[PDB]
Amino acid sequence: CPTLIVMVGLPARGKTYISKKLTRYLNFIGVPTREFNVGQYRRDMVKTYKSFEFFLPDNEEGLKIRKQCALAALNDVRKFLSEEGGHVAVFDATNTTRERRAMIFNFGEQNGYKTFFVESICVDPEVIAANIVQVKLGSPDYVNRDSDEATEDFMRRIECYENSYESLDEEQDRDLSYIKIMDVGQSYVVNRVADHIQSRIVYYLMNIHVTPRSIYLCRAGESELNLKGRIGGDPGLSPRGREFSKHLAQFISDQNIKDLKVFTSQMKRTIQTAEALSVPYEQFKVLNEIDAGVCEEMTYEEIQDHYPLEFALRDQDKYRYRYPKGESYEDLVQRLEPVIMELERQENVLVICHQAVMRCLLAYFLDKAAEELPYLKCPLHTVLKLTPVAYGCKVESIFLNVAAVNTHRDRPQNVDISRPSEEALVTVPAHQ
């Protein structure tokens, strides 16, 4: 049974924000998910600016168009889940009345889906008025609109909804599976989680927040095997590596951060790097570098020479193919699900890790496709600072002023199985 997640809530309550986060997360863990924004359907259709009058519960051309757009989107939900093999569809609309929700529920019922509701009720001033100055900012609806008039219009638009707004009821909606999220995550009300996927969605939703904070990601300092062009293993830091540790520690202080939690893997290179900090760290084996299996501690020349076909295949699909007894980047992603969860839940946090692991975490916060993830640039002695914002995440690359080797191998233009060794290793960075 595919799942139909139905957003419920007044405009500017974070329904879309939640819809995007949930959709991105689900896709990241490999569940084909797609969001359907009814407002976008409405914009892409009328093409002409509309005032709040169009949202009035008595307007004809308005109620007509809005219901048609809801049906258009629902038709695409049907196609995605029933025809394209999608697993979860997120239907982003106010859906503030029991009749509309009953309508949508029956739709799901008839098409063989399981419906689950997600209501967002924001009440805190620094959220409502806070989302407006983002609606008023990035919304196509208020482009080239006088500030005071746009702000006023939107307020009357929310009013068009408050008047008939029927929030999910403990008794009247006992039989529905849903979650009510208050004040962007302070409290929650959960009812009738029907299955495994819903239990995971709930778990995720109850762990995200919008508290300002930053996520710092960096690899351990250059190690002995980084110098030799060797992958995997458990080397200690190189001299220049220890030098970086000292630089990270300074950077961290200069940053002046409220309650920084530091995490490292169980590999010496990260722990050693962490020892330079003042703050105590927490080591987790789940953060360990991607296992190369049989190709552990080898160089690329050695892999090509010993495992020539697997090297070519990995080059063809670096996301899905693994070395013998090793992991794929796909595997790594499954392994890091608990890290993604904790990072969502954390506030200010520094993660000292490795190249593959760091690519995965960066792909998550910057929403990079699986195919592009195994190739993201995560240089040594460089600190990636991630600051979550509305719909996105700002990234700042901060080189900590200490040279280091290039462990980054681009994909060669020739990824053929029959290719010669020269072309296979032409992108291999200089080492030793």
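Sequential numbering from 1, following the sequence displayed.
Novice: If you average the CA temperature factors as listed in the entry, which stretch comes out higher, 25-33 or 364-372?
Specialist: According to the PDB entry, the answer is 364-372.
Novice: Looking at the entry, does 142-150 or 196-204 show the higher mean C-alpha B-factor?
Specialist: Mean CA B-factor is higher for 142-150.
Novice: Checking the record values for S328, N191, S167, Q186, which has the greatest CA B factor?
Specialist: In this record, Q186 carries the highest C-alpha B-factor of the candidates.
Novice: Looking at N256, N288, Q316, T211, which has the highest CA B-factor as recorded?
Specialist: Out of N256, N288, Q316, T211, the record gives the largest C-alpha B-factor to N256.
Novice: Can you tell me which third, lowest, middle or highest, the CA B-factor of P379 falls into for its chain?
Specialist: According to the entry, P379 has a C-alpha B-factor in the chain's middle third.
Novice: What third of its chain, lowest, middle or highest, does the C-alpha temperature factor of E224 fall into?
Specialist: Highest third of the chain for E224's C-alpha B-factor.
Novice: Can you tell me which third, lowest, middle or highest, the CA B-factor of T273 falls into for its chain?
Specialist: Middle third.
Novice: Ranked by Cα temperature factor within the chain, is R242 in the lowest third, the middle third or the highest third?
Specialist: Within its chain, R242 is a highest-third residue by C-alpha B-factor, going by the deposited values.
Novice: Using the temperature factors of the C-alpha atoms in this entry, rank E344 within its chain: lowest, middle or highest third.
Specialist: Its C-alpha B-factor, which the entry lists for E344, ranks in the lowest third among residues of this chain.
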